[PDB]
Amino acid sequence: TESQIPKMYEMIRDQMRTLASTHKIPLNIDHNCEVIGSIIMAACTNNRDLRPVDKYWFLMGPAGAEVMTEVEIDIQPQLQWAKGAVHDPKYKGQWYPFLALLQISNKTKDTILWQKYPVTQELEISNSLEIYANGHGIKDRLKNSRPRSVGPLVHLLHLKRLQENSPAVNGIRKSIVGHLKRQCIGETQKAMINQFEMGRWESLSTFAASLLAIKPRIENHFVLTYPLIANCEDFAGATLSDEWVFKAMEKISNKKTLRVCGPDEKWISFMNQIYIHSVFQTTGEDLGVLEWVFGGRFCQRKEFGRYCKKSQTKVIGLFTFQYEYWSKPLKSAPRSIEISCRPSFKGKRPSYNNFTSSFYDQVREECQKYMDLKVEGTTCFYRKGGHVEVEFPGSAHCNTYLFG
Amino acid sequence: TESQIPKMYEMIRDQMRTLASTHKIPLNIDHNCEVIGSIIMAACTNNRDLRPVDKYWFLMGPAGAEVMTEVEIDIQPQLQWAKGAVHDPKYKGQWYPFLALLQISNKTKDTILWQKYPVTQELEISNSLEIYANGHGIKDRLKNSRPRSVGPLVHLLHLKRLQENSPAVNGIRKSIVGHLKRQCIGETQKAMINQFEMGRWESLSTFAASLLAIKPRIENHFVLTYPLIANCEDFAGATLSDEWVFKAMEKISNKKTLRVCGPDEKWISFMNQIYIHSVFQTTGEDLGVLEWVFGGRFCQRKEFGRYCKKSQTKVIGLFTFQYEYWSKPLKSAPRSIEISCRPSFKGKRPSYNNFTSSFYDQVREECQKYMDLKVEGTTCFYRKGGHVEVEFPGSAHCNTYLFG
Amino acid sequence: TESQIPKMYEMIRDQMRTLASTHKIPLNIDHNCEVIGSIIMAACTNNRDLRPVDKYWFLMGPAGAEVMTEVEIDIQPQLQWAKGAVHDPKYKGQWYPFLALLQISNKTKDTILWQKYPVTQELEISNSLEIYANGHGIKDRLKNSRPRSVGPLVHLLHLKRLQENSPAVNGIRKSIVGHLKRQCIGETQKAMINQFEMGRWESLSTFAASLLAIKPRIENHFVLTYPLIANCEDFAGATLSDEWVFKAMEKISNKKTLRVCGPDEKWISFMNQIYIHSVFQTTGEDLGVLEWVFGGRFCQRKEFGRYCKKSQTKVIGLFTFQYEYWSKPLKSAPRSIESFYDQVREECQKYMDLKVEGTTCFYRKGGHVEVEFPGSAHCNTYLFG
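Residues numbered from 1 in each chain as written, not as in the entry; some residues may be left out. Chains lettered and ligands numbered in written order. Part of a larger assembly, values for the part shown. Heavy atoms only, no water. Residues with missing side-chain atoms left out of burial classes, pairs and counts.

- Its PDB record attributes the structure to cryo-EM, giving the resolution as 18 Å.

This is the structure in structure tokens:
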């Protein structure tokens, strides 16, 4: 799974700079990279969407003199390589799994700045539940490539979409439903998810309420964004379950070459944290988690007004990052819930006593199990510079979230 | 935004006095300033609407001997300057935004004395909602320059006008509609303003009913009038979001040089409060707020008969003003209605859960929330002499307005 | 209009061969090009009608050994360009006007083979009125792109549809009614068309009787079809109002590389004339006029029985063509005069009496020399007359 990771990143950057440097698009601006990077990886999954030649918003200007304008770019040199990688045996069939992760992480910046809840509204549930609606807008082939990374609600929406869209329909649903059960480890949640399969959504609000209590398993992977890929020059030990991503992306922050865009210079802290939010797929977590792990407070969306249009975003400063701790990605669910004598013969032996003396309720019973839980996570954390176990002691910004 | 404000006020007054003093038009009469200033606004935006030479009604006479007559004046010296300022880079493109603010405020006096409802009547809604129909009669270029200041109903009228007026049709509407949604913060209102976009004016009365309940966001800016601009000699700290405007025009009231015109001397109190209403855009503001903020009762329109014609307005007394409090301009709506964990990260956290377990109705559901809201404003009111936060405590004239 | 046409045929021709050559679909069979071109033209405006991958009837076989079978094709590479050409500034917004010209001209063959009268039957008028009912079945975006090319009867049908089906209704009907008035230059017809505006179709049979006399203005544009566009290697002087089109597609005939399909080989003359009937918009036009212009006899539809099924159309011969004259496309009405029923009949007699047809004149092959049509022998017979 991680064997092909080191070789994938280098060629992504090679084409990533090829399109930008051909038309003199500087790669030290986030907006240039994010638009270019979105174009670069578009040919990988949705080949027929992007035009061979088109004009997009980039920052044109040397040494800080950049300004919005539409620059025509020739994507055709980058189109041929992407399609040949689809079935290239060098990936061992891991091209589809690898491509599903890239789309989710990079679209996060658009979701952070433009706070939208498409899945929950289409699911008619509480708007504070995009937490499990991750992986929306991704290609269905990608959604069948890494369905585990795609949030259950998107699959539940796709389960809802499939019910509201023929033997080929079942094949899509079984992947949708089966990976709904894999993500949601709740014993009561699994039963009521199967009831969602037939087409009812009466306890979808209860599922909305249950998701508040029980946390479904969400697989995570550390993938850099477009600006960092173009600004990362080391990919030798590029894996997905160690400190390499934390160390390498810090080196990009240490270089201080990449710049970020925003409506005004107040967003410099906010946009710097978006990189940390998007790289580790750890966007809507507690600020105290981010404060302890990354040694810095994280600005919430409420602290700033509406994000200005991408056609009017201005470079607001350099990209910076720092961290003090890290851990292996969340493989299983974080909230994990994992004396009488009965002599079976006529024979006599001393008897020792080790003791001195509705479905919604069952769903709430399982929900009650996750309120009493005090330790989340799977195994442990690791400090910067190694893999020494360091448990979280506590922080003052706990229970506070980016969108909470 | 406020960078060009200090330099604009001084240079407008120079042309304000140049036209009046050339033909011996005293600037201590409000009508002389208003009619001269009404000529001044014409040269700025609609350059082709005002004659180069024409006779207008002023008050000619030395030392209180002013009598009503038509005086021909030469506007050509002011015309060449104004057209050159249209695209002068010295304003950083803020000339149109600055001109739109000036045009709306100076027409308030005519609307107050001649009580008309051109937008609500054309929108077939309750006439008592012209507060949200601000910015009528303004140039479409200005209405695309500061559409936020132009009230939604005028845009809603312009939305109605455009539906009752070709790919250029959409371009005018998108600005009209987009600033309708920006002004009206109602979640249900936004979904039903888009109904008005396609001409579904059945909820137009509902929108009028909603406007009575939900108060749309109306951006405000403290801009003086022609009688005060010609009588103001200080613009060093001329900004838009502090107490400078309150202190600057108090000095004009302290000078007691400006005289006001009206049908008879009973209007001296009414016309003095018109300056308060026009400058601070407090025509629709609560009189209990106004009496508390400005330390004086505000006379209503019902207390007086029909306003005499501008051809027969006579000097009725000296302009006076006083105030004890103020506030930052109302940026957002005066009435504002603004629970679990997202496991995006593998954190072993102390798990805390904060829970222990018709469309018109939705519009009315949102309507009830703003009924529930008793406090009005964004943050607070401030006292004279600084920005010390002083919340409005209440008054005998609460829930009362000028036209109420 | 004609400014982009020299380069604007090139992008149309580009996708004609890529889709067929990818799956080894030979382009020397008309039916292969007819369906493929229809698929390509489908993506131009009706983007959601065709499928990204689908099977259609073609002729598979190398060097004359084509046995018919349904062939899967990957239309996805050809889908992107068609939608992107709609608002591409290189076309200056002429994509819809030309696609309206393109869509109308490319649906002619099916109507000829299966003789149907859809517009007149829904209009409850004479079935012989199948010349002025141009532009039926085209997308409404194209119908609003070249409403002049769309015949009045189709607009009259849309006018009848609009009365037998909101501020958007007026905008559609005003184009429908206005281009009814524009196409039908009959002064009595216009008010008599104005009678049809709110539904006074009592003169609809009168309008059917009028169209016998008064010939409504039918704008024409010399646009090639699917087999000829793929077989046309020159577009430098490609315009819409000169002899370039006449000269360009003659060279294709001289090549003798394109083959036509039909129920049997008796249609080889018929199929050859269909190409003549479709390029210059002469489907329901008198055959003798074409005989003088093109120097060859034309076969009526009565000379042949019902067309065989598309699943059984076989190659019957090579495409041949010849011509001796041409004309600028008929921009205005061919007939020009430059009780209310009696007034229409009074105007009807104004156009029965008219004998000369056209705008200025015809022109001889090799230039724009003014040559007037003197007559022919196989006149009095249309393709369906």
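Structural notes on the overall build of chain C
Here's step 1: Secondary structure summary: chain C contains 16 helices and seven strands in total.
Here's step 2: For 385 residues, the compact-globule formula gives about 21 Å, and the C-alpha radius of gyration of chain C, at 21 Å, lands near that figure.
Here's step 3: Referenced to the eigenvectors of the C-alpha coordinate spread, the extents of chain C come out at roughly 65 × 55 × 40 Å. (Helix = DSSP H or I, 4+ residues; strand = E, 2+ residues; numbered from the N terminus. Rg over C-alpha atoms; globule rule 2.2 N^0.38 Å.)

Here's the deal with the pattern of salt bridges
Here's step 1: Considering all chains together, one arrives at 53 salt bridges over all chains under this definition.
Here's step 2: The salt bridge involving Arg-17 of chain A is made with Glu-233 of chain A; its shortest N-O contact spans 3.9 Å.
Here's step 3: Assessed through its relative accessible area of 27%, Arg-17 of chain A is described here as partly exposed.
Here's step 4: Between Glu-365 of chain B and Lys-369 of chain B there is a salt bridge, and its shortest N-O distance comes to 3.9 Å. Taken together, the residues span about one helical turn, with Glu-365 of chain B and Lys-369 of chain B both in helix 16 (residues 359–372) at a distance of four residues.
Here's step 5: The partly exposed category is assigned to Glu-365 of chain B, whose relative accessible area is 39%.
Here's step 6: When salt bridges that share partners are traced, they join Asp-30, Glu-34 and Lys-109 of chain A into one network. (Salt bridge = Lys/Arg side-chain N within 4 Å of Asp/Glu carboxyl O. Buried < 20%, exposed > 50% of the residue type's maximum accessible area, 1.4 Å probe, protein only.)

Looking at the interface of chain A and chain B
Here's step 1: In this complex, chain A contributes 42 residues to the contact, which on the side of chain B involves 21 residues.
Here's step 2: Summed over both sides, the interface of chain A with chain B buries roughly 3,200 Å², with 54% coming from carbon and sulfur.
Here's step 3: Area buried by chain A at its contact with chain B is led by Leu-212, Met-371 and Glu-376 of chain A, which between them contribute 17% of it.
Here's step 4: Where chain A packs against chain B, one counts zero salt bridges.
Here's step 5: Scanning the region where chain A abuts chain B turns up 12 residue pairs in polar contact.
Here's step 6: Taken together, the residues of the side of chain A that touches chain B sort by class into 23 nonpolar, 10 polar and nine charged. (Contact = heavy atoms within 4.5 Å. Buried area = accessible area lost by both parts, 1.4 Å probe. Polar contact = N/O pair within 3.5 Å; in protein donor to acceptor, adjacent residues only side chain to side chain. Nonpolar A, V, L, I, M, F, W, Y, C, P; charged D, E, K, R; others polar.)

What about the side chain of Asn-231 of chain B?
Residue and element names in this part refer to chain B.
Here's step 1: Inspection of the secondary structure assignment puts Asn-231 in the loop between helix 12 (226–229) and helix 13 (244–255).
Here's step 2: Owing to a relative accessible area of 9%, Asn-231 belongs among the buried residues under this scheme.
Here's step 3: A distance of 2.5 Å separates the side chain of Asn-231 from the backbone oxygen of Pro-227, its partner in a polar contact.
Here's step 4: Engagement of the side chain of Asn-231 in a polar contact is seen with the side chain of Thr-257, the distance being 2.9 Å.
Here's step 5: Filtering out sequence-adjacent residues up to four positions away, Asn-231 remains in contact with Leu-27, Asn-28, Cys-33, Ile-252, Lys-255, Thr-257 and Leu-258.

Some thoughts on the sheet that holds strand 6 (residues 362–364) of chain C
Residues and elements named next belong to chain C.
Here's step 1: Taken together, three strands build an open sheet; the order of strands is 5-6-7 and the sheet is antiparallel. Every other strand in the sheet has two partners, leaving strand 5 (325–327) and strand 7 (370–371) as the edge strands with one partner each.
Here's step 2: Pairing of strand 6 with strand 7 involves two bridges; the strand directions are antiparallel. Note that in strand 7 the partner of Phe-362 across the bridge is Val-371. (Pairing = 2+ DSSP bridges.)

Focus: helix 9 (residues 168–183) of chain B
An α-helical turn contains 3.6 residues, so any two residues separated by three or four positions project in the same direction.
Residue and element names in this part refer to chain B.
Here's step 1: With 16 residues, helix 9 extends 24 Å from end C-alpha to end C-alpha; this agrees with the ideal 22 Å at 1.5 Å per step.
Here's step 2: Among the residues of helix 9, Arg-173, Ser-175, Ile-176, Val-177, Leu-180, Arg-182 and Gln-183 are the ones counted as buried.
Here's step 3: Against helix 8 (152–163) and helix 10 (187–197) lie the buried residues of helix 9. (Expected span 1.5 Å × (residues − 1).)

Focus: the packing of helix 10 of chain B against helix 16 of chain B
All names here are of chain B.
Here's step 1: Closest axis-to-axis distance for the helix 10/helix 16 pair is 8 Å, and the angle between their directions is 135°. Compared by their axis directions, helix 10 and helix 16 come out oblique. Regarding helix 10 and helix 16, the two cross each other, and that crossing is left-handed. Judged by residue contacts, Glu-187, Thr-188, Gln-189, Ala-191, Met-192 and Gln-195 of helix 10 engage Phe-359, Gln-362, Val-363 and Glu-366 from helix 16. (Axes fitted to C-alpha atoms, helices over the stretch in contact; angles between N-to-C directions. Parallel < 35°, antiparallel > 145°, perpendicular 65-115°, else oblique. Left-handed = near helix turned anticlockwise from the far one by under 90°.)

Remarks on the sheet that holds strand 5 (residues 325–327) of chain B
Residues and elements named next belong to chain B.
Here's step 1: An order of 5-6-7 is seen for the three strands of this open sheet, with the pairing classed as antiparallel. Strands with a single pairing partner mark the edges of an open sheet, and in this sheet they are strand 5 and strand 7 (389–390).
Here's step 2: Relative to strand 7, strand 6 (residues 381–383) is paired through two bridges, and the arrangement is antiparallel. Opposite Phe-381, over in strand 7, you have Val-390 as the bridge partner.

So, the pairing of strand 3 (residues 259–262) of chain C
For a regular strand, side chains alternate in direction, first toward one face of the sheet and then toward the other.
Residues and elements named next belong to chain C.
Here's step 1: Taking every second residue as pointing to the same face, both faces of strand 3 are buried, with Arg-259 and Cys-261 on one and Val-260 and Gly-262 on the other.
Here's step 2: The pairing of strand 3 with strand 4 (residues 314–318) spans four bridges and is antiparallel. Following the sheet pairing, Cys-261 is matched in strand 4 by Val-315.

Remarks on unusual backbone geometry
Here's step 1: Of note in the backbone geometry, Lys-92 of chain A takes a positive phi value of approximately 55° without being a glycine.
Here's step 2: On the secondary structure map, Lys-92 of chain A appears in the loop between helix 3 (76–84) and helix 4 (95–106).

Things to note about the packing of helix 1 (residues 5–22) of chain C against helix 2 (residues 30–44) of chain C
Residues and elements named next belong to chain C.
Here's step 1: Contact geometry for helix 1 and helix 2: axes closest at 10 Å, N-to-C directions at 120°. In this structure, helix 1 crosses over helix 2, and the sense of that crossing is right-handed. The residues of helix 2 that touch helix 1, namely those facing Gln-15, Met-16 and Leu-19, are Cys-33, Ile-36, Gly-37, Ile-39 and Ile-40.
Here's step 2: Each residue belonging to the contact of helix 1 with helix 2 can be placed in one class, and the counts come to six nonpolar, two polar and no charged.

Comments concerning the nonpolar core
Here's step 1: One finds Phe-58, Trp-95, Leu-153, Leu-156, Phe-207, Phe-280 and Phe-294 of chain A to be the most contacted residues of the largest nonpolar core, which totals 128 residues.
Here's step 2: Top contributing element to this core by residue count: helix 2 (residues 30–45) of chain A, with nine residues.
Here's step 3: In this view, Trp-95 of chain A contacts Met-8, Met-11, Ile-12, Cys-44, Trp-81, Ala-82, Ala-85 and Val-86 of chain A; residues no more than four positions away in its chain are not counted.
Here's step 4: Counting 118 residues, the second largest nonpolar core, distinct from the first, contains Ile-5, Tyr-9, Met-11 and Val-279 of chain C. (Core = buried A, V, L, I, M, F, W, Y, C linked by side-chain atoms within 4.5 Å.)

Let's talk about the packing of aromatic side chains
Here's step 1: A full pass over the atoms with the stated rule returns 93 aromatic pairs over all chains.
Here's step 2: When the ring of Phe-222 of chain C is compared with that of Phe-246 of chain C, the centres are 5.2 Å apart and the planes differ by 85°; the resulting orientation is edge-to-face. Of this pair, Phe-222 of chain C sits in the loop between helix 11 (204–213) and helix 12 (226–231) while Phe-246 of chain C sits in helix 13 (residues 244–255); the two residues are 24 residues apart in sequence, bridging distant segments of the chain.
Here's step 3: Residue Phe-222 of chain C is classed as buried on the basis of its relative accessible area of 5%.
Here's step 4: When the ring centre of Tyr-360 of chain B is taken as reference, the NZ or CZ atom of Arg-364 of chain B above it lies at 5.9 Å. (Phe/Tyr/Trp six-rings, centres within 6.5 Å; stacked < 30°, edge-to-face > 60°. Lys NZ or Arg CZ within 6 Å of the ring centre and 35° of its normal.)

What to know about the environment of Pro-350 of chain B
Residue and element names in this part refer to chain B.
Here's step 1: Looking at the element boundaries, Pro-350 is found in the loop between strand 5 and helix 16.
Here's step 2: Judged by relative accessible area, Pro-350 falls into the partly exposed class, the value being 32%.
Here's step 3: Taking the C-alpha atoms as reference points, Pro-350 and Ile-339, 11 residues apart in sequence, are found 15 Å from one another.

Notes on the side chain of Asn-32 of chain C
Residue and element names in this part refer to chain C.
Here's step 1: Assignment of secondary structure puts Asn-32 in helix 2.
Here's step 2: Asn-32 sits in the buried class, given a relative accessible area of 0%.
Here's step 3: For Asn-32, the side chain forms a polar contact with the main-chain oxygen of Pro-26, separated by 3.1 Å.
Here's step 4: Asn-32 has contacts with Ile-25, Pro-26, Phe-58, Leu-59 and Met-60, leaving out every residue within four places of it along the chain.

Regarding the environment of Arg-297 of chain C
All names here are of chain C.
Here's step 1: If you trace the backbone, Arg-297 turns up in the loop between helix 15 (287–294) and strand 4.
Here's step 2: C-alpha separation for the pair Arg-297 and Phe-270, spaced 27 residues apart in sequence, amounts to 9.8 Å.
Here's step 3: Beyond its immediate sequence surroundings of up to four residues, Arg-297 is in contact with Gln-273, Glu-291, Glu-303 and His-378.
Here's step 4: Engagement of the side chain of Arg-297 in a polar contact is seen with the side chain of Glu-303, the distance being 3.2 Å.

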